[PDB]
Amino acid sequence: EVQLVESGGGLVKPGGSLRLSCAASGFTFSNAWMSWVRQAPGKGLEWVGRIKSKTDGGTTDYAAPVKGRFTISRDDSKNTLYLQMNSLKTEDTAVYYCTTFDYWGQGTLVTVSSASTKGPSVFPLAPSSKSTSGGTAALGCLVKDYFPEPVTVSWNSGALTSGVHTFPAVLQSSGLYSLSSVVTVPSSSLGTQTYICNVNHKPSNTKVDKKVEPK
Amino acid sequence: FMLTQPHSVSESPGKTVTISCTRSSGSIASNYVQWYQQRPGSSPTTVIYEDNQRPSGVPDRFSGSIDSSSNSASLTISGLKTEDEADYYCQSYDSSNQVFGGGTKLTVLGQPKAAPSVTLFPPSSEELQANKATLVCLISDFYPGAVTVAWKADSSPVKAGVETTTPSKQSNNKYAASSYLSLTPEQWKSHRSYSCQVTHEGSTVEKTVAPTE
């Protein structure tokens, strides 16, 4: 019966504002203490703040990373909790949950990034004897500093698919993405076979074909 | 205060695990302790509250306890089911705060465990000649999907310039991950070696590269 409908939130430059709202049903919201909790991608739960019921004074508490910057209020006539996010930092990027912390909403995503469209830099990860275990050599391509997702990587125009492993991108503190694609091949074909990675970054209309050669 | 949990826990269906949660400052009995279950892509569920209480709809396989001896709260799950595979967070109240544990990844084993394969690439000379330097550490084929990655410059732990992905499930149902260390060309050449250290189920694979090899 309890419902917590989050809304608001999206992209925003650092230093901007965003208001989140949490609509509640199934419990007398006026008599309830409400909290905000956030979770950065791949990270843990971090308490943001709490407002207490207007019966108990209705004053607010805040975690240290959001003091002076975030404001929590409530319109318990409309059964709505608010999180006023000012002075946004990229470190605020997280899914934001409103809680009563027994019950949890589904969360809204807030992404704070100064990044804009940028094609990747592609560098070869050349096979050496320090890439070779057994008779198998590892070679790849480093796909550096692009935005936004996604990037597609094929090898030899898709004719080489065995032993190919493209790794999910890391999201860097700079707001740009980096990505690696590696392929394992017989070391005996480094002298006989040409290896080229094809990196396609459609958001920037960029495609890069990088030849990867033995050291 | 902080609440410290083990990074990950794993066991087979039907067996029993326990996740601990140690309070750093102040008494653990001082304040109520709650436990939340978080499945992939899902909002958290309260599974234990007020130290040992189960909300309605939570099976008695889930049990919570307190040990003043080690200033620890613990969550225990008997007869593990597939649906128990999730991340588990403890949390308690402070003199006016709200503290969450770091979280614990619980894997319900559905295939044999598998050690990570680690391949470390030095900076390409193409990148070095563009005044950049990135060390690429590729980790794949490990199960359960829970690793910690550390870096070393010679023998010293690297404290900045490290970006690491969370584990991603590959098509063979094992997991992959990536760590990157950014340097300038001067830093790269001024050290005898750099190391990527991958810890998986209490054991570590270290790969080293050197500007001279």
# chains A, B, ... in the order shown; residues from 1 in each chain; ligands from 1
call {"tool": "closest_atom_pairs", "arguments": {"of": "chain B", "to": "chain A", "cutoff": "6 Å", "atoms": "only C-alpha atoms", "output": "Markdown table"}}
result
| residue | atom | partner | partner_atom | distance |
| --- | --- | --- | --- | --- |
| B:43 | CA | A:106 | CA | 5.7 |
| B:46 | CA | A:102 | CA | 5.8 |
| B:102 | CA | A:44 | CA | 5.9 |
| B:165 | CA | A:170 | CA | 5.3 |
call {"tool": "write_last_selection", "arguments": {"atoms": "C-alpha atoms", "output": "short mmCIF file (atom, residue, chain, number, x, y, z; two decimals), in the first residue's frame"}}
result
data_model
loop_
_atom_site.label_atom_id
_atom_site.label_comp_id
_atom_site.auth_asym_id
_atom_site.auth_seq_id
_atom_site.Cartn_x
_atom_site.Cartn_y
_atom_site.Cartn_z
CA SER B 43 15.98 -0.33 -4.58
CA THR B 46 14.64 -3.80 4.86
CA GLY B 102 30.16 -0.10 3.10
CA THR B 165 35.13 -0.44 -13.18
#
call {"tool": "select_by_dssp", "arguments": {"residues": "stretch 23-202 of chain B", "states": "strand (DSSP E or B)", "output": "PyMOL selection string"}}
result
chain B and resi 23+33-38+45-49+53+62-67+72-77+86-93+98-101+104-108+114+117-121+133-143+148-153+156-157+162-164+168-169+175-183+194-200
call {"tool": "residues_around", "arguments": {"residues": "stretch 199-205 of chain A", "least_positions_apart": "4", "cutoff": "6 Å", "atoms": "only C-alpha atoms", "output": "PyMOL selection string"}}
result
chain A and resi 119+151-153
call {"tool": "residues_around", "arguments": {"residues": "stretch 79-82 of chain A", "least_positions_apart": "5", "cutoff": "7 Å", "atoms": "only C-alpha atoms", "output": "JSON, numbers by chain"}}
result
{"A": [19, 20, 21, 22, 23, 24, 29, 72, 73, 74]}
call {"tool": "write_last_selection", "arguments": {"atoms": "N, CA and C atoms", "output": "mmCIF file, in the first residue's frame"}}
result
data_model
loop_
_atom_site.group_PDB
_atom_site.id
_atom_site.type_symbol
_atom_site.label_atom_id
_atom_site.label_comp_id
_atom_site.auth_asym_id
_atom_site.auth_seq_id
_atom_site.Cartn_x
_atom_site.Cartn_y
_atom_site.Cartn_z
ATOM 1 N N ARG A 19 15.618 20.225 -8.351
ATOM 2 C CA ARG A 19 14.682 19.908 -7.284
ATOM 3 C C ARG A 19 14.127 18.513 -7.520
ATOM 4 N N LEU A 20 14.265 17.653 -6.520
ATOM 5 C CA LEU A 20 13.650 16.338 -6.533
ATOM 6 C C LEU A 20 12.408 16.358 -5.654
ATOM 7 N N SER A 21 11.423 15.550 -6.027
ATOM 8 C CA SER A 21 10.196 15.441 -5.257
ATOM 9 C C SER A 21 9.841 13.974 -5.068
ATOM 10 N N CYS A 22 9.235 13.679 -3.920
ATOM 11 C CA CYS A 22 8.848 12.323 -3.547
ATOM 12 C C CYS A 22 7.384 12.357 -3.131
ATOM 13 N N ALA A 23 6.514 11.800 -3.969
ATOM 14 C CA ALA A 23 5.089 11.736 -3.675
ATOM 15 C C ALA A 23 4.787 10.444 -2.930
ATOM 16 N N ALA A 24 4.039 10.555 -1.836
ATOM 17 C CA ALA A 24 3.800 9.438 -0.935
ATOM 18 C C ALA A 24 2.312 9.134 -0.834
ATOM 19 N N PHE A 29 1.589 10.847 5.722
ATOM 20 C CA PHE A 29 2.878 11.485 5.472
ATOM 21 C C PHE A 29 3.169 12.606 6.462
ATOM 22 N N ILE A 72 16.310 20.316 2.359
ATOM 23 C CA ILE A 72 15.197 19.379 2.449
ATOM 24 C C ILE A 72 14.011 20.112 3.054
ATOM 25 N N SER A 73 12.852 19.983 2.415
ATOM 26 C CA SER A 73 11.617 20.556 2.922
ATOM 27 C C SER A 73 10.493 19.564 2.664
ATOM 28 N N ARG A 74 9.299 19.900 3.142
ATOM 29 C CA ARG A 74 8.152 19.028 2.957
ATOM 30 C C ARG A 74 6.885 19.864 2.869
#
call {"tool": "residues_around", "arguments": {"residues": "residue B:87", "least_positions_apart": "2", "cutoff": "7 Å", "atoms": "only C-alpha atoms", "output": "list in words"}}
result
residues 37, 38, 39, 89, 103, 104, 105 and 106 of chain B
call {"tool": "write_last_selection", "arguments": {"atoms": "N, CA and C atoms", "output": "tab-separated table (two decimals), in the first residue's frame"}}
result
chain	number	residue	atom	x	y	z
B	37	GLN	N	18.61	-5.43	2.02
B	37	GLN	CA	18.96	-6.24	0.87
B	37	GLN	C	18.78	-5.41	-0.39
B	38	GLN	N	19.79	-5.42	-1.26
B	38	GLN	CA	19.70	-4.73	-2.55
B	38	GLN	C	20.10	-5.70	-3.66
B	39	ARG	N	19.13	-6.10	-4.46
B	39	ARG	CA	19.39	-6.89	-5.65
B	39	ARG	C	19.87	-5.99	-6.78
B	89	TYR	N	23.54	-4.22	3.23
B	89	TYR	CA	24.03	-3.04	3.92
B	89	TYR	C	23.49	-3.03	5.34
B	103	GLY	N	28.76	-2.04	2.72
B	103	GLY	CA	28.03	-3.00	1.92
B	103	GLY	C	28.82	-4.28	1.71
B	104	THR	N	28.09	-5.38	1.52
B	104	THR	CA	28.70	-6.69	1.30
B	104	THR	C	27.99	-7.38	0.15
B	105	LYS	N	28.77	-7.84	-0.82
B	105	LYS	CA	28.24	-8.56	-1.97
B	105	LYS	C	28.12	-10.04	-1.62
B	106	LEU	N	26.90	-10.57	-1.70
B	106	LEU	CA	26.64	-11.97	-1.41
B	106	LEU	C	26.38	-12.70	-2.73
call {"tool": "residues_around", "arguments": {"residues": "residue B:48", "least_positions_apart": "5", "cutoff": "9 Å", "atoms": "only C-alpha atoms", "output": "number ranges by chain"}}
result
B: 33-36, 53-55, 58, 62-64, 75
call {"tool": "closest_residue", "arguments": {"among": "B:9, B:139, B:115, B:29", "to": "residue B:168", "atoms": "only C-alpha atoms"}}
result
B:139
call {"tool": "atom_distance", "arguments": {"atom1": "atom CA of residue B:196", "atom2": "atom CA of residue A:194"}}
result
29.1 Å
call {"tool": "select_by_dssp", "arguments": {"residues": "stretch 22-181 of chain B", "states": "alpha helix (DSSP H)", "output": "short mmCIF file (atom, residue, chain, number, x, y, z; two decimals) with N, CA, C and O atoms, in the first residue's frame"}}
result
data_model
loop_
_atom_site.label_atom_id
_atom_site.label_comp_id
_atom_site.auth_asym_id
_atom_site.auth_seq_id
_atom_site.Cartn_x
_atom_site.Cartn_y
_atom_site.Cartn_z
N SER B 125 53.92 3.96 -26.87
CA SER B 125 54.79 5.07 -27.21
C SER B 125 54.04 6.15 -27.97
O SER B 125 54.37 7.34 -27.85
N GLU B 126 53.02 5.77 -28.74
CA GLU B 126 52.14 6.75 -29.37
C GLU B 126 51.54 7.68 -28.33
O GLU B 126 51.51 8.90 -28.51
N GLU B 127 51.05 7.11 -27.22
CA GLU B 127 50.49 7.94 -26.16
C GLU B 127 51.58 8.74 -25.45
O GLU B 127 51.40 9.93 -25.17
N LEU B 128 52.72 8.10 -25.17
CA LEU B 128 53.83 8.81 -24.55
C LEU B 128 54.26 10.00 -25.39
O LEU B 128 54.56 11.08 -24.85
#
call {"tool": "closest_residue", "arguments": {"among": "B:40, B:123, B:145, B:26", "to": "residue B:109", "atoms": "only C-alpha atoms"}}
result
B:145
